[PDB]
Each structure stands twice: as structure tokens, then as C-alpha cells.
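Letter by letter, the chains look like this.
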Amino acid sequence: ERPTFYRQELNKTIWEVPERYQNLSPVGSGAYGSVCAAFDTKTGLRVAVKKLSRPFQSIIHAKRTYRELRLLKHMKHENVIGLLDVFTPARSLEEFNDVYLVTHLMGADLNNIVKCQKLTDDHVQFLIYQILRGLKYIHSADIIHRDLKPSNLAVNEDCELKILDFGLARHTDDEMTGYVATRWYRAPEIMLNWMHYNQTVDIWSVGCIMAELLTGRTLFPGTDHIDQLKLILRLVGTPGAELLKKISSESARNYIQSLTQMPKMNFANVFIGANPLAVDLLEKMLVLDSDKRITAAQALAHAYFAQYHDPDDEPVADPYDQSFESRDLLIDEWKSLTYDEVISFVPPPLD
Ligand SMILES: Fc1ccc(-c2ncn(CC3CC3)c2-c2ccncc2)cc1
């Protein structure tokens, strides 16, 4: 219909939001967008309201914005970030210039939870089961997260987990240099752009996380791109001819071929004392050849999640049309598409 908005400045940022959102409290403003915690009188939930800064200041930003709303609008799974609401103070496409997105306020991320030490195998089972369940859903819609890491997994007081911060959007630049956590979870093939990557890059990420939850230590904390690849090949062994034939860059193949060949290590001797089913699963996730990596759907069926696996309660997504990525529009055409999606949004029904 059209709710009543109320203007108000916070941390020198103007927030014009509907009255249903109350007690707006700054909670960290990144370059991507300003964030606020608030209470949503209509759902009863404490929420996170992100105000995108300059959503249409460029064709790429304008397309990123569009991409993010389309993405958040489609995601409907217990283990994936959902869109509770999206809105703009603008009454016309003419003045339409700001985008706000609302979602359940997630308290702590996976870091907080592991930071203190390794957890019980039972908790490792639960947490990883949830990441794979949401990932099965995400992949089913032909989507690739691209940036799975502890800080992008929100965990609640009962160890319930939601996946967020989809890669699809940002363009990891100069942020992957040096001894940085952001890169420690990337599959090698995408890290050194050996080839055009698939969804198993996400499975590689889960394996890195699973190992860290078991040992309480980062698996491949390389000090740079090369040191990290070296840490990965020491564990997984160097590429074989089969894999090498799949790396595009004649330079990457050349480089790889300059490295003394190494055999795969014994994971049992790496993850000492870990449940054998866990080790077996890690060996299936941490495979150099991405074509041979295990899938989310397959992993769920692995005997490591016997206590949680239920094929009937592990949904897939509705088909997700991403043809707009090959679309060539102008800022304004992206803007209007964004606006149509803002205007068309239908809220998730609560009881
Ligand atoms: F609609 C959205 C979508 C994504 C984010 C959102 N984007 C990033 N983060 C993580 C922290 C840095 C804010 C969130 C977030 C913050 C608090 N609670 C849950 C999610 C916020 C609102």
C-alpha cells in the first residue's frame, strides 16, 4: 500500500525507514553498505537493515545491486540468508535512489564459535551438516557462493547456521594479498585462476572449515598466493596429467610443472584422533581435481551425518533465472529493474 517512513540521522548517514522498524542502532558500516540493528514491530524479530550506499553510481554497482536483490529475493531455506523485506523512501522511479534490505539479525559468526578451541565431533557434524544442506539448496539453483568462510556463516546460541555474504556481488581485489583469512578458504583453481571454476569450489571451502572446527587451527594459512598453494599441494599432492590437461594458462601448467611432485598425505596422520568418518569425508572434499570433488548432495548422504541426514528434509531451490548476467543494460535500465524488484517484493509469511 505504502507505509509511513520516518527520517533520522545516524552516524552522519540519513536513514529514512518505515515506522515498523524501531530503535535503529548502528552495527557496522562497510564500503558495500551501512548496517543497523533494529526491532521490527511487525514480525517481532530483531533485524539487520542494510542501506546500500550508492547503488547506481555505475553500471557495475547498479548491476551488483540488482544482482544482490534478485539473489536475496530467491533464497528461501532455513540455512541460507533470507530477505524479510526491501524498501525505498522514493514514491516514484524518478526519485528512486536508495535501497534498504532487511533480514534476521544474526548475532555471532562461526569465528566466534571456534575461536576458543576445537569443538566436539558432534558439533562439527551438526554445523557442517547445515552448511551442506543450505549449499545443496544454493547449488540446486545453479548458484556458486564463491566466498564461504567462518565469517560468512552466522551461528546462533543453539548452533543453528545460515549461509550469507554470497560471493556473487563483490570483486575480491587487493584483499586476497598476503597472510589474509579471506584467501585461506579458496580452492586453488580459483585462487590462481587455473581454469573456469564450478560449484565444487564451495565444497573445497567447506572442507577447509570442517578441518578447522576439528583441529581448531586454520588448514592452509598461506602468507601469500604461492605459499598457500604450496601448503595445499603438500597435503593433497601435486597435480597429475589428468588435472594438468584441464588448466588453461600455459603459464600455470608451466609453473605447476616446475614443482617437485608430491604424493597425497595420510589425512589420518594429519587429523590425529578425529572420527574416521570425518577424515574420510575430508579426503572426499579436499580433492585437487574439482571434477572429482564430492557434491553437497552426495556429502549429505555420507555416513558422517547419519544422525542428521534426511533426504526428505533437505530441499532444493526453485529454478533461478540468471540470464540477466549476459544482459547489457545502462545504469538506468538496471535501476528500473531493481525498482521493479523492490516494488514487487512479497514478504515471507509468518504465523
Ligand atoms: F538484508 C541484509 C542482507 C545482508 C546483511 C549483511 N551483510 C553483511 N553482514 C555481516 C556483518 C557486517 C555486518 C550482514 C548481516 C548483519 C547482521 N545480521 C545479519 C546479517 C544485512 C541485511
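Residues numbered from 1 in each chain as written, not as in the entry; some residues may be left out. Heavy atoms only, no water.

Deposited coordinates in this entry are attributed by the record to X-ray crystallography, at a stated resolution of 2.5 Å.

Peer 1: Just checking my understanding: could you explain the layout of surface pockets for this structure?
Peer 2: Gaps between atoms show up when a probe of the same size as a water molecule is rolled over them. Here the largest pocket defines a volume of roughly 1,200 Å³. Lining the largest pocket are 44 residues; nearest its centre among them are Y32, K50, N152, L164 and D165. Those elements that place two or more of their residues in the lining of the largest pocket are strand 7 (46–52), helix 1 (59–74), strand 9 (99–104), strand 10 (108–109) and strand 11 (153–155). When the residues that make up the lining of the largest pocket are grouped by side-chain class, the tally is 22 nonpolar, 11 polar and 11 charged. (1 Å grid on protein atoms, 1.4 Å probe; cavity = no way out; pocket = protein on both sides within 12 Å on 5 of 7 lines; lining within 4 Å. Points joined across faces, edges and corners; volume = space filled by probe spheres on them. Helix = DSSP H or I, 4+ residues; strand = E, 2+ residues; numbered from the N terminus. Nonpolar A, V, L, I, M, F, W, Y, C, P; charged D, E, K, R; others polar.)

Peer 1: How should I be thinking about the UniProt feature "domain: Protein kinase" in the protein in this particular structure?
Peer 2: Mapped onto this structure's residue numbering, the UniProt feature "domain: Protein kinase" falls at residues 21–305. The distance from the first to the last C-alpha atom of residues 21–305 is 39 Å, and the span holds 37% helix and 13% strand. (UniProt positions renumbered as here; feature names shortened; annotations may be inferred.)

Peer 1: Before we go on, may I ask you to explain the sheet that holds strand 5 (residues 21–26) in this structure?
Peer 2: Two pairing modes exist for strands in a sheet, parallel and antiparallel, and in both the strands are linked by backbone hydrogen bonds. The strand order across the open sheet formed by five strands is 5-6-7-9-8, and the pairing between neighbours is antiparallel. Two strands in the sheet have a free side with no partner beyond their single neighbour: strand 5 and strand 8 (85–87). In this sheet, adjacent strand axes meet at a mean angle of 25° when their direction is disregarded. Pairing analysis gives six bridges linking strand 7 to strand 9, with the strands arranged antiparallel. Note on strand 9: the bridge partner recorded for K50 is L101. (Pairing = 2+ DSSP bridges. Axes fitted to C-alpha atoms, helices over the stretch in contact; angles between N-to-C directions.)

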